[PDB]
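Observations on the three-dimensional arrangement
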Amino acid sequence: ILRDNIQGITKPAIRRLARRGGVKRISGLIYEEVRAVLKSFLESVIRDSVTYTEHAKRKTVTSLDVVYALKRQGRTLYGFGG
Amino acid sequence: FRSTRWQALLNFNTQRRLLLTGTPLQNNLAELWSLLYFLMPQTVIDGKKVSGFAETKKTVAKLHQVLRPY
Amino acid sequence: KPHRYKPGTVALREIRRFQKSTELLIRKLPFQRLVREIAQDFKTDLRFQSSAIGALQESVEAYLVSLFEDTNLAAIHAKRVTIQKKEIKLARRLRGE
DNA sequence: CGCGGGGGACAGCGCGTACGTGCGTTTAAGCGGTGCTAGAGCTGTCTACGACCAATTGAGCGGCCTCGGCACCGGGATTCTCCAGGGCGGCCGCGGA
DNA sequence: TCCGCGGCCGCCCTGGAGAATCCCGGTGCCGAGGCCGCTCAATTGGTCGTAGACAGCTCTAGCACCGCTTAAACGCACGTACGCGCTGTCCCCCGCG
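Residues numbered from 1 in each chain as written, not as in the entry; some residues may be left out. Chains lettered and ligands numbered in written order. Part of a larger assembly, values for the part shown. Heavy atoms only, no water. Residues with missing side-chain atoms left out of burial classes, pairs and counts.

Once that is clear, we can look at the overall build of chain A. Secondary structure assignment for chain A yields 3 helices and 0 strands. For 82 residues, the compact-globule estimate of 2.2 N^0.38 gives 12 Å, and the C-alpha radius of gyration of chain A, at 16 Å, exceeds that figure by more than 25%. If you line up chain A on its principal axes, its C-alpha atoms span 45 × 35 × 15 Å. In chain A, the share of contacts with a sequence separation of at least 24, taken over all contacts with a separation of at least 6, comes to 30%. (Helix = DSSP H or I, 4+ residues; strand = E, 2+ residues; numbered from the N terminus. Rg over C-alpha atoms; globule rule 2.2 N^0.38 Å. Contact = heavy atoms within 4.5 Å.)

Written out as structure tokens, the structure reads:
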């Protein structure tokens with residue numbers, strides 16, 4: 001729950017995700033590098049989310065909070081709380 | 001009552017039901033009513049009218065005097 | 001002899017299935033463990049509701065699927081079909097990330 | 001997590017030609033000038049043209065509950081593909097006169 | 001030198017086979033949208049203002065050309081060397097338990 005859960009996105013999970021990109025073979029070192037990329041993106045989103053949460057005088061983080069966090073990325077298409 | 005199979009097996013396209021158990025509990029009329037609904041669903045959920053309000057010998061005699069046909 | 005399909009044979013009907021079906025493909029509880037373990041560092045003992053978790057996984061899944069499609073395009077551009085580290089880094093760099 | 005293996009990633013070397021670099025000689029722009037006139041622009045103006053709350057108002061919603069649709073196998077040749085014999089691309093070699 | 005023939009025999013085509021197809025129904029289930037309350041700001045009216053183009057001077061530089069002076073382009077001829085073709089190698093993750 002709070003210790004070494006980065007393996008939640010597992011190697012078979014990464015292989016299945018790469019199946020959706022249209023690839024036949026996934027190399028061994030692909031899994032951990034895409035894990036690091038996902039970690040970086042998730043950290044970048046959640047930093048903005050938690051900073052907004054602190055600004056809003058709120059203790060809980062809502063879905064619309066991360067919606068605004070991703071809003072300044074610059075696309076903002078459909079989704080919950082759009 | 002809150003069990004998943006309570007609602008899973010109560011709506012089968014079957015014309016006859018059979019239930020086997022070792023021994024039903026003497027007290028806690030909740031599961032007795034649950035089994036009564038299991039055999040076929042007609043009995044009202046209000047099991048407190050027959051008993052459970054008001055003595056132990058009379059209560060168990062009335063309990064045995066209402067489940068005799070089945 | 002066993003009906004051993006050649007590599008790349010089942011993939012046809014498999015992509016026929018999962019292109020139409022639209023369910024999830026990642027274990028939920030490990031993912032919520034991950035989002036917790038990354039949240040406590042930013043803010044401990046967060047009282048997570050039932051929401052604000054599926055949106056994150058859906059967003060990251062869409063982003064990584066787009067990245068994987070771009071990586072496959074780069075691999076085909078590289079006169080090959082398989083994925084590799086260089087394909088991923090080139091796709092990420094050309095995406096502005 | 002484990003193994004067979006086979007299509008696919010990755011490299012070595014010849015082709016040769018496809019740009020690349022060094023010869024002359026241009027076609028059209030940069031600069032000096034110009035004489036104008038043609039578009040860009042704020043000032044008296046004054047008016048029309050937008051905003052907001054009284055009497056009404058309608059209109060879409062707040063909440064439930066029926067029911068014609070969701071989910072997918074009994075039910076299944078064909079599609080999708082994979083793998084073993086047959087005639088063959090013939091290929092080819094070798095030897096009497 | 002003919003060519004009879006025999007062998008390496010192994011490969012696309014054909015027949016057999018493995019799993020799925022996406023509807024016909026069964027059974028079970030599933031929350032949209034109209035309907036008793038409602039409400040509430042919208043819609044005209046009157047007042048307030050105000051500023052923003054209609055003229056009108058204005059002003060200022062665009063521009064098309066007249067007339068010199070080069071600047072990289074362009075073709076060609078040879079260099080060469082590296083993508084590509086062709087081929088060989090190995091490899092390690094896909095399919096399956």
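So that's the structure; there's more coming.
Time to look at the packing of aromatic side chains. What the rule picks out here adds up to 5 aromatic pairs over all chains. An angle of 45 degrees between the planes, with centres 6.0 Å apart, marks the rings of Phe1 of chain B and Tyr37 of chain B as tilted. Highlighted residues: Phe1 of chain B in the segment before α1 (4–8) and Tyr37 of chain B in helix α2 (residues 29–39), separated in sequence by 36 residues. Given a relative accessible area of 37%, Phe1 of chain B falls into the partly exposed group. Where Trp6 of chain B meets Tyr37 of chain B, the ring centres are 6.0 Å apart and the plane angle is 80 degrees; that geometry is what we call edge-to-face. Of the two residues, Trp6 of chain B sits in helix α1 while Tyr37 of chain B sits in helix α2, which places them 31 residues apart along the sequence. Of the residues examined, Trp6 of chain B reaches a relative accessible area of 13% and is grouped as buried. The rings of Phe1, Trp6, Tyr37 and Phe38 of chain B are connected pair by pair, giving a single aromatic cluster. Seen from the ring of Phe18 of chain C, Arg16 of chain A lies directly overhead, with NZ or CZ sitting 4.3 Å from the centre. (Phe/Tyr/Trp six-rings, centres within 6.5 Å; stacked < 30°, edge-to-face > 60°. Buried < 20%, exposed > 50% of the residue type's maximum accessible area, 1.4 Å probe, protein only. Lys NZ or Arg CZ within 6 Å of the ring centre and 35° of its normal.)

Our focus in this paragraph is the protein's contact with DNA strand E. Close contacts around DNA strand E come from 13 residues, with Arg15 and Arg25 of chain A, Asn11 of chain B together with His3 and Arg17 of chain C the closest. For DNA strand E, the backbone makes up 87% of the atoms found within 4 Å of the protein, where backbone means sugar plus phosphate. Here a sugar or linking oxygen of DNA strand E sits 3.0 Å away from a polar atom, N or O, in the side chain of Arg25 of chain A. In this structure, a sugar or linking oxygen belonging to DNA strand E sits 2.7 Å away from a side-chain N or O atom of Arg17 of chain C. Each residue belonging to the surface near DNA strand E can be placed in one class, and the counts come to 3 nonpolar, 6 polar and 4 charged. (Near = heavy atom within 4 Å. Polar contact = N/O pair within 3.5 Å; in protein donor to acceptor, adjacent residues only side chain to side chain. Nonpolar A, V, L, I, M, F, W, Y, C, P; charged D, E, K, R; others polar.)

What follows deals with the packing of helix α3 (residues 54–77) of chain C against helix α4 (residues 85–94) of chain C. Geometrically, a packed helix pair is captured by the angle between its two axes and the distance between the axes. Residue and element names in this part refer to chain C. Here α3 crosses α4 at 115 degrees, and the two axes come no closer than 8 Å. In the crossing of α3 with α4, the sense of the turn from one axis to the other is right-handed. Side by side, α3 and α4 meet where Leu67, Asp70, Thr71, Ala74 and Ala75 of the first sit next to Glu87, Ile88 and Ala91 of the second. When grouped by side-chain class, the residues that make up the contact of α3 with α4 number 5 nonpolar, 1 polar and 2 charged. (Axes fitted to C-alpha atoms, helices over the stretch in contact; angles between N-to-C directions. Left-handed = near helix turned anticlockwise from the far one by under 90°.)

Another point: the protein's contact with DNA strand D. Residue and element names in this part refer to chain C. Taken together, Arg4, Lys6, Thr9, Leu12, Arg16, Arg80, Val81, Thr82 and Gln84 make up the full set of residues near DNA strand D. Counting only the atoms of DNA strand D that lie within 4 Å of the protein, the sugar and phosphate share comes to 90%. At 3.0 Å, a side-chain N or O of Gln84 approaches a phosphate oxygen of DNA strand D. Here the residues of the surface near DNA strand D sort into 2 nonpolar, 3 polar and 4 charged.

Let's shift gears to α4 of chain C. Restricting attention to buried positions, one finds in α4 of chain C the residues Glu87, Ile88 and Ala91 of chain C. Down the axis of α4 of chain C, the sector holding all buried residues measures 95 degrees, keeping them to one side. Where α4 of chain C is buried, its residues contact α2 (30–55) of chain A together with α3 of chain C. Two residues or fewer after α4 of chain C comes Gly96 of chain C, characterised by a positive phi angle close to 85 degrees. (Arc of directions from axis to C-beta.)

This part takes up the arrangement of the chains. Nothing in chain A touches chain B; the tightest C-alpha to C-alpha distance between them is still 27 Å. Considering only C-alpha positions, the minimal separation of the non-contacting chain B and chain C is 21 Å.

As a further point, take the packing of α2 of chain A against α3 of chain C. Axis separation between α2 of chain A and α3 of chain C bottoms out at 11 Å; the angle between their running directions is 130 degrees. Overall, the two elements α2 of chain A and α3 of chain C adopt an arrangement that is oblique. As for how α2 of chain A packs across α3 of chain C, the hand of that crossing is right-handed. Contacts between α2 of chain A and α3 of chain C involve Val34, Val37, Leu38, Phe41 and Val45 of chain A from the former and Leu56, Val60, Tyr63, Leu64 and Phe68 of chain C from the latter. Residues of the contact of α2 of chain A with α3 of chain C, tallied by class, amount to 10 nonpolar, no polar and no charged. (Parallel < 35°, antiparallel > 145°, perpendicular 65-115°, else oblique.)

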